[PDB]
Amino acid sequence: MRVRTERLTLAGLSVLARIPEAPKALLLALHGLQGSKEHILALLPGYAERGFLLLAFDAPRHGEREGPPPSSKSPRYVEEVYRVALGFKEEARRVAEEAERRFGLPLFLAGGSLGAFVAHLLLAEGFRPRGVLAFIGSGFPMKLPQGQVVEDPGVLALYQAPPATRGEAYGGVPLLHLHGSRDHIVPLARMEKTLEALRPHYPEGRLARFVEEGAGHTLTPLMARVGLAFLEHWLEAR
């Protein structure tokens, strides 16, 4: 399918869009730390060409928005990363609720790294999309390095009760985690911890994982193809 790149205004932010002629569904994509709305859409080859109306926006301090983004060399890095995440979550929820209204179609969510964590924050807070792809990520915030200072109440609360520890709130929304076995930014074990926390709250067949052996912290074209099949599976179901 031919695909047109265009900008809308939803929930008051500027969203990059890829709209197909006969859209069959929407896909809101949330990028990773140090990423951008152009970056995440480029990592989803063939999706719009198959009928998914893609939408991405820059998280706080990223892309065209005012920086600077968090620096891993700062003792306030973690706090800034999750302040960005909490803002990204609040924005995403509104972007999705509007998008649905402006385009009237089933909506799925995709997030890479920080965006996958935000996808978990959204599900834990009751957001109900038709399915979620969580790439190179986790439902627990990153291990907190020694030497950091965290005083923000929102950030402390996410560490005290990570979203993946609230599986009962996820509504069994279909969820696929896609990961690389050698990821050093989000260790494989944190993705597996997320799946094990969610397991008991998910009806059989609705929760799954795909692991590319040897891959690191990169949303590979293989992961992208598998995620595309997963969204079509739930879109064509029941």
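Start at 1 with the first residue shown and count on from there.
Taking only CA atoms, the mean B-factor in the PDB entry is higher for 7 to 15 than for the other of 7 to 15 and 220 to 228.
In this entry, 70 to 78 has the higher mean Cα B-factor, the comparison being between 114 to 122 and 70 to 78. When the C-alpha B factors of 50, 209, 206, 182 are read from the deposited coordinates, the top value falls at 50.
Among the modelled residues of its chain, residue 200 has a C-alpha B-factor that falls in the middle third according to the deposited record. Residue 65 sits in the highest third of its chain by CA B factor, as recorded in the PDB entry.
Per-chain ranking of the deposited C-alpha B factor places residue 106 in the highest third. Compared with the other modelled residues of the chain, the Cα B-factor recorded for residue 132 ranks in the lowest third.
Sorting the modelled residues of the chain by their CA temperature factor places residue 191 in the lowest third.
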